[PDB]
Amino acid sequence: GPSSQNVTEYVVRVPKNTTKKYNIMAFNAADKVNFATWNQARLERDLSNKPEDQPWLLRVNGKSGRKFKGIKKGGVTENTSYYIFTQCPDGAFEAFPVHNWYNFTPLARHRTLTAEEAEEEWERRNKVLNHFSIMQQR
Amino acid sequence: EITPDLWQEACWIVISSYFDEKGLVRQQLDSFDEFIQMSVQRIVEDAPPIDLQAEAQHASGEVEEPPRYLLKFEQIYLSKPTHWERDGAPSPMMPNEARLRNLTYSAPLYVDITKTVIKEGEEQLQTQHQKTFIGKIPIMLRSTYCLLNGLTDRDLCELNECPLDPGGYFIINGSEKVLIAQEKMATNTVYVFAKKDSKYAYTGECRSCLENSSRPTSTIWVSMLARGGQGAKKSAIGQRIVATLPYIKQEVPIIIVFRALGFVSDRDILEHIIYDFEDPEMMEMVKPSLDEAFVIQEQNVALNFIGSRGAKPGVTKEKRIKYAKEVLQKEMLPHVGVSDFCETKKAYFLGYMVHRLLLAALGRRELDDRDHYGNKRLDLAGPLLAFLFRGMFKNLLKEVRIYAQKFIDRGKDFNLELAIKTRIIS
Amino acid sequence: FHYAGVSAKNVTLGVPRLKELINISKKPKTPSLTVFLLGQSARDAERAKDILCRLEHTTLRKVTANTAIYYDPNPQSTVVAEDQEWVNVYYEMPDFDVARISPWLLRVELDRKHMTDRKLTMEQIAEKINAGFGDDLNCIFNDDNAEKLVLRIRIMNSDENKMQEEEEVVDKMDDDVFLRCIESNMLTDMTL
Amino acid sequence: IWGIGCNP
Amino acid sequence: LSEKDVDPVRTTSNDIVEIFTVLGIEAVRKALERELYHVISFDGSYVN
Amino acid sequence: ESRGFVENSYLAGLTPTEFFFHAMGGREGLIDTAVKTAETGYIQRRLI
Amino acid sequence: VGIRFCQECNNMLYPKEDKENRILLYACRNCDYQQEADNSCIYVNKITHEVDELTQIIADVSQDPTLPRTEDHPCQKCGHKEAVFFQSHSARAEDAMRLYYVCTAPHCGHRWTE
Amino acid sequence: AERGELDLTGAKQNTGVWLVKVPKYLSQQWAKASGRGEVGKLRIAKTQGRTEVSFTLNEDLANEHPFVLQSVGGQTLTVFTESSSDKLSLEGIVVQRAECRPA
Amino acid sequence: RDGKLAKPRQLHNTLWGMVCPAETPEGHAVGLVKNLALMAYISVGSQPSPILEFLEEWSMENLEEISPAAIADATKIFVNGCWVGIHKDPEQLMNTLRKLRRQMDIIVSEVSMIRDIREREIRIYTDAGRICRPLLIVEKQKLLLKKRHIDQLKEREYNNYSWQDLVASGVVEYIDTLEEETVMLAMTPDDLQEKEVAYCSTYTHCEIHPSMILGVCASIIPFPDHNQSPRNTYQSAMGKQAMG
Ligand SMILES: [Zn+2]
Ligand SMILES: [Zn+2]
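Residues numbered from 1 in each chain as written, not as in the entry; some residues may be left out. Chains lettered and ligands numbered in written order. Part of a larger assembly, values for the part shown. Heavy atoms only, no water.

### Comments concerning the overall build of chain A
Put simply, the rule is: Note on conventions: DSSP H or I runs of at least 4 residues are helices, E runs of at least 2 residues are strands, and numbering of each starts at the N terminus. It is over C-alpha atoms that the radius of gyration is taken, and the globule rule equals 2.2 Å times the number of residues to the power 0.38. Relative accessible area decides the class of each residue, using a 1.4 Å probe on protein chains only: under 20% of the type maximum gives buried, over 50% gives exposed, and in between gives partly exposed. We get accessible surface area from the Shrake-Rupley algorithm with a probe of 1.4 Å; when it comes to residues, only the shown protein chains can shield them. Think of it this way: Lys and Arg go in the positive column, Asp and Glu in the negative one, and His and the chain ends go nowhere. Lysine's charge is taken at NZ, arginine's at CZ, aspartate's at CG and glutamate's at CD.
A count of helical and extended segments in chain A gives two helices and eight strands. Helices and strands appear in chain A in the N-to-C order β-β-β-β-β-β-β-β-α-α. The C-alpha radius of gyration of chain A comes to 23 Å, more than 25% above the 14 Å expected for a compact globule of 138 residues. Overall, chain A is about 70 × 45 × 30 Å in size when its C-alpha atoms are taken along their principal axes. Expressed as a percentage of the 138 residues in chain A, the buried residues total 38%. Taken as a whole, chain A presents about 7,900 Å² of accessible surface, with 53% of it coming from carbon and sulfur. Side-chain charges of chain A comprise 21 positive and 15 negative groups, with the mean position of each set lying 5 Å from the other.

Right, here's the structure in full:
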């Protein structure tokens, strides 16, 4: 059929300015990120100082869902540029420059050892007893 | 088109051409030449711009309270070697006359200095003092900045200098001094050695430096502790990997260091450390170190763990965390990166160091040889004088700051010419 | 270096040995002991070899080809296919299973070449391990005729049943961690 | 420079 | 030394400290003399 | 040849690799002499 | 034999005996995830550590000019005459002067030990 | 519905996007005018069991760029935009990656 | 000098061609003070930026997704330290780098590029301290130096042909110790490159002349290969003391 010899050629458009800047959101494959359960999400600048030059915090599905941290790419692309091609009804590709690159890594929604208790536990480095029971106690 | 059995003529023709172009002392000369140009400019550029304002407590009100004074050193210049007589008239100084009169064969060094002043009225004023004399740099003879450079043998004889003299030395106080190239271990290279009597079975060291812009070396060790020590849990766990990070009093477990860089999950840490997950031997090697760091499962906790072991304790907890973070960003693996999101690169390079230690422990790679001259570098006149000028220019900026701070606290004014002490560099 | 190799034993000589003797150093670089044989063992090489074996330190690590830890839920289950026979034999008239049996199994496998070079016996090794450690470690040893020399070690039966301990029912060092500690101790400290 | 038993 | 089929009379060690703790100060005198003589005369040199 | 054996005699003349290896041996001898002097001197002072 | 990681937090699992059903498990300590053990073996240690170094030999090694090669031993797969040979090139290899062979010619990379 | 909410409609529609690495001369040529709405034409030719991608530079712009594909199974990428009205949105998921090389 | 360890002083194999074997002081500094060989050169240093830009253009994907993968991506491109990514094809990269070193576009003569085929790393060092020496380049079994180059050098003056033109032609190349580890050398072209009982048929370089392994003071020794080795050190020391 036509699929074995189809040739597709589309116009390329690069608008001078776009109201919304374009970024890259990259997830590690081993994280197994799935968007079906993403009913809601909250992306905001971090408050670890407790703005434009600070990392991003993502909280999917509020506190109940997984949280991710995204950091801008340190290596600037002084000799490289990245563009994204999106399908549109007019049939022409549109290219938008990548303003920023972010790698998001997840944090488990598991109980977290308090710093004071963690220091006390590390004082006993030779934990002869099972560590799993210690985690259960906390 | 071949030259067979006529080779004895060919090899010596090409050797003749080599020594006709270069000569014997081309190391020294070339080094010095490079140094001057590149190094001086770099150092003058690399030093932080001088920031300065009057103390708020000294004067009441905020109308003129922050008179910010900013000093930037724009560009470098070197004149030909010159002697300033007692009358004060500059004169060209020939090397032979410097030897006879016990003078120093040196050239003046001028820096363009831009002073920008903000009076808090937003009317910042920039005044550029061009060709400000900061010191005198001794000139290596027959280098590009020596007067004897580019002179035919007849001209050299007119100046009472030997055509055959190699050059490559400085005339300081009338005596010829030769910088002797100093051997050193190579920087920015991971080397795994084994110390017999140490508590570590193997140690991997990287004498990292950022293009020698500052901080001659920032060495970091990743060493696997020996299993010779006997204990119940010690026998159970086996050899554990620790990191002797710079500016830290004692050893830090390596997995904690990886989590401090933001890589909390064990899978990601091992992805940086163990490039092939399928190999079981390396995974078994890494397991005990993961056991040691099982307590700390967060980046902030790991940063606090590092800060507690810092050389100077921080009273506040968040102070310790911030101190550890800045210390990792600057001191640890400076050549990989020094700012922003170089954390991934630092994690990858630290994982490479741990991986190379694991390969050495498993016997898959041989231990590095300290005497192997690939692992050695030679500091010629260039690097040595560059280190010297780094130190002295930092001291000169410090003295300029001191004089400026006094006069600024007065609020009268500041003069660049009086602040600069040519004694320092010279 | 350049010492004549009369025997395959290095000896400190020259200035360093004079330093050792003169300083009366507690740790000589090459402490050595020349042993002369009293009886016919001096004349006959086999008896001399027997004396050599009796005088030379031998750890279990030297004769152990490879060590593995299998979680075996039942002795009759025989997760390892090979032991199914000999385990059955030992469990045809089971001994010390009355209290209980350990759910973890340390299946050490010994190299026959090392065993025959040191002239060690499976009963000898098993006796040393079981007696030195006590009733806690129970060892099953293969026949020498079998292709694989296998020693199956299990943790204390009474400690597994916990009737003997009484006190509090709390695991100490779990069981597999304790078994790994036991393996390291046997590897480096058996002194067979 | 001679052999292993001699001198270097 | 106390092992069976080992000559108690002639079995000797190079370590003078062990010779001390086991066999006494006179035995060390002799053993130290033997060791020094060996290291001196290995070259063939003779010292009285 | 690879590991250092020098089949040429001094009269015949060493080949370049043999020359470098011979230099390695001579260097070892010189280092031995230089290191020896100080240790022997300390020993002699102690004895006296 | 190998190490497996949790499917929620990607941390390291640890073996745990199931006291009720007598089945080995792997549980993550930082969460409640559990997965039954399929291999039934946990800790294997090869003291003689006899490992075929053919697994550790890279085919790219056939491109090294500094290695010796012979035309005597042909390859098994392609029957190529050139074969570059080398010793263990590994520390703690016990005592082994055995020659390992790597086939020259592109992409074959067959390795035989004789 | 809040300020920090992410418009995941692009993810729901499973919009596929292509990521391409292009050199600086091409990007600078595009940025020279950058307002004419045209920079070149992307031509993809498919055969029975092989596909090739090329980009032709605009004749006005110049006064052939083959594309090499890369596998995207090793990493999942998505594109999100921060609107000037503080309304974050997701444009789509990256389904293919390509590199542009000089002729 | 106080340290009596005889390890740091011994003449290492890697000193070949770069430090004089004979010329060393005798006393507390045996083997600790060394002298350059006649043809040895010391790298002056260069900016790594153009090399990094070339590597980015060729491939060397950085910030990849655990692509090393049992080093499936053959070789990890290093620079003066600084792992800067990895490449799938290491041999094409190494050949392209050597061609660029000849054309002198991005790689000055001093830039040193080492590929470790086993362990799969390429190091690309330009760090201002490396000691290197010129070696002729052997392609197949034939030296690249030919009669045209020798004839033009023989007419050196009033022909404006010099050593730098020999380097630019790709006839000679500067190799440092790390690259000396990865290079098959021939002492002489006729004796070694020519077909015989085949010791090696993969010579990559040829020594310009063996006698250049000696330094300035040992170069005056006539027939130094017919003397005992310590005697050449003694003559170096004494020739520094002769009256002229
Ligand atoms: Zn988990
Ligand atoms: Zn083949």
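### Describing the packing of helix α1 (residues 16–23) of chain E against helix α2 (residues 25–41) of chain E
Residue and element names in this part refer to chain E. The line we're drawing: All axes are obtained by fitting lines to C-alpha atoms, using only the stretch in contact for helices, and the reported angles, taken between N-to-C directions, cover 0 to 180 degrees. The scheme is simple: roughly parallel for angles under 35 degrees, roughly antiparallel for over 145, roughly perpendicular for 65 to 115, oblique for anything else. Should the near helix be turned anticlockwise from the far one by less than a right angle, the crossing is termed left-handed; should it be turned clockwise, right-handed. Note on contacts: a residue pair is in contact if any heavy atoms of the two residues lie within 4.5 Å. All amino acids are sorted into three groups, where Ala, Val, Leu, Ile, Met, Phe, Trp, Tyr, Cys and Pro are nonpolar, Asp, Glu, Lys and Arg are charged, and the leftover types, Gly among them, are polar.
Two numbers describe how α1 lies on α2: the axes approach to 7 Å, and their chain directions differ by 155 degrees. Judged on the interaxial angle alone, α2 and α1 are roughly antiparallel. Between α1 and α2 lies a crossing of right-handed hand. Packed against α1, whose contacting residues are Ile16, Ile19, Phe20 and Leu23, the element α2 presents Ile25, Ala27, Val28, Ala31 and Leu32 at the interface. Taken together, the residues of the contact of α1 with α2 sort by class into nine nonpolar, no polar and no charged.

### Notes on the pairing of strand β5 (residues 106–118) of chain B
What counts here: DSSP bridges decide pairing: two strands pair if at least two such bridges lie between them.
Burial runs high along β5 of chain B: 11 of the 13 residues are buried. Between the antiparallel neighbours β5 of chain B and strand β6 (residues 125–138) of chain B lie six residues, among them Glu120 of chain B with a positive phi of about 70 degrees.

### Some thoughts on the arrangement of the chains
Ranking the 17 pairs of chains in contact by number of contacts places chains A and H first. At the level of C-alpha atoms, the two units chain B and chain F stay apart, their nearest approach being 14 Å. Separating chain E from chain G is a minimum C-alpha gap of 30 Å, and the two share no contact.

### Brief notes about the nonpolar core
Inside soluble globular proteins, nonpolar side chains tend to come together where they are buried. Residue and element names in this part refer to chain B. Threshold: Buried residues of nine kinds, namely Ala, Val, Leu, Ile, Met, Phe, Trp, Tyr and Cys, make up a nonpolar core once their side-chain atoms join them within 4.5 Å.
Ranked by internal contacts, the top residues of the largest apolar core, which has 68 residues, are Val222, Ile254, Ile273, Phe349, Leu350, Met353 and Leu358. Residues contacting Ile254, with those up to four places away along its chain left out, are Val222, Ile241, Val242, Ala243, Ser289, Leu350 and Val354. Judged by nonpolar contacts, the second largest core, of 54 residues, contains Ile113, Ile137, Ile171 and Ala404.

### A look at the coordination of the zinc ion (ligand 1)
Residue and element names in this part refer to chain G. Here is the rule we go by: Distances define the donors: N, O and S atoms within 2.8 Å of the metal qualify, as do those within 3.2 Å of Na, K or Ca. Water is excluded, so some sites may look unfinished. Key to geometry: four donors with every angle between 85 and 135 degrees are tetrahedral; four donors are square planar and six octahedral where opposite donors lie over 155 degrees apart and all remaining angles lie between 65 and 115; all other sites are irregular.
For the zinc ion (ligand 1), the full set of protein donor atoms is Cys6 (SG), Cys9 (SG), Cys28 (SG) and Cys31 (SG), and the range of their distances to it is 2.3 Å. Around the zinc ion (ligand 1), the four donor atoms sit at angles spanning 99 to 118 degrees, and that spread fits a shape best called tetrahedral. Each donor residue of the zinc ion (ligand 1) belongs to the same chain, with the gaps between them written as C-x2-C-x18-C-x2-C. Taken together, the positions of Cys6 in the segment before β1 (13–17) and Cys31 in the loop between β2 (24–28) and β3 (34–36) put the pair 25 residues apart, joining distant regions of the chain. This pair shows no difference in class: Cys6 is buried, exactly as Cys31 is.

### Some remarks on the coordination of the zinc ion (ligand 2)
Residue and element names in this part refer to chain G. Listed as protein donors to the zinc ion (ligand 2) are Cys75 (SG), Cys78 (SG), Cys103 (SG) and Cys108 (SG); their distances from the metal cover 2.3 Å. Coordination at the zinc ion (ligand 2) is tetrahedral, judged from the four donor atoms that bind it and the angles of 105 to 114 degrees they form at the metal. Linear spacing of the donor residues for the zinc ion (ligand 2) on their chain is C-x2-C-x24-C-x4-C. The exposure class of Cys75 is buried, given its relative accessible area of 6%.

### As for the side chain of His335 of chain B
Going by this rule: In protein, a polar contact requires one atom able to donate a hydrogen and another able to accept it; more generally it is a pair of N or O atoms within 3.5 Å, and residues adjacent in sequence count only if both atoms are side-chain atoms.
For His335 of chain B, the location among the structural elements is in the loop between α10 (317–330) and α11 (343–362). Among the polar contacts made by the side chain of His335 of chain B, one reaches the main-chain amide nitrogen of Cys82 of chain I at a distance of 3.3 Å. When near neighbours in sequence (up to four residues on either side) are disregarded, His335 of chain B contacts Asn188, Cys206, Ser208, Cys209, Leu210 and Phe349 of chain B together with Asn80, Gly81 and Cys82 of chain I.

### Digging into the sheet that holds strand β1 (residues 50–52) of chain B
Each strand in a sheet pairs with another by means of backbone hydrogen bonds, the pair being arranged parallel or else antiparallel. Residue and element names in this part refer to chain B. Ordered by their spatial adjacency, four strands build an open sheet running β1-β2-β5-β6, and the pairing between neighbours is antiparallel. Every interior strand has two partners, whereas the edge strands, β1 and β6, have only one. This sheet shows a mean twist of 25 degrees between the axes of neighbouring strands, independent of strand direction. Sheet analysis places strand β2 (residues 68–78) next to β5, joined by nine bridges and oriented antiparallel. Bridged to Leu78 within β5 is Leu109. Packed on one face of the sheet, helix α2 (residues 26–46) meets β2, β5 and β6 and runs near 165 degrees to β2. Contacting β1, β2, β5 and β6, helix α12 (residues 381–410) crosses the sheet at an angle of about 20 degrees to β1.

### Observations regarding the environment of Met243 of chain I
Its place among the elements puts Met243 of chain I in the segment after α7 (229–239). Taking the C-alpha atoms as reference, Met243 of chain I lies 40 Å from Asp191 of chain I; in sequence the two are 52 residues apart.

### Quick word on the interface of chain A and chain H
Quick reminder of the rule: Simply put, the buried area is the total loss of 1.4 Å probe accessible area from both parts when two parts are fitted together.
Counting residues at the interface gives 51 residues for chain A and 49 residues for chain H. A buried area of about 4,500 Å², summed over both sides, lies between chain A and chain H, and 58% of it is on carbon and sulfur atoms. Looking only at chain A, the three residues that lose the most surface to chain H are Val12, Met25 and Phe85 of chain A, adding up to 13% of its buried area. Taken together, chain A and chain H are joined by 21 residue pairs in polar contact. Those elements giving two or more residues to the side of chain A that touches chain H turn out to be β1 (7–13), β2 (21–28), β3 (41–45), β4 (56–60), β6 (81–86) and β8 (100–107) of chain A. Per element, the largest residue contribution to the side of chain A that touches chain H is eight residues, and it comes from β2 of chain A. Taken together, the residues of the side of chain A that touches chain H sort by class into 27 nonpolar, 17 polar and seven charged. Relative to strand β1 (residues 16–22) of chain H, β6 of chain A is paired through six bridges, and the arrangement is antiparallel. In the sheet register, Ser81 of chain A faces β1 of chain H, and the bridge partner there is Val22 of chain H.

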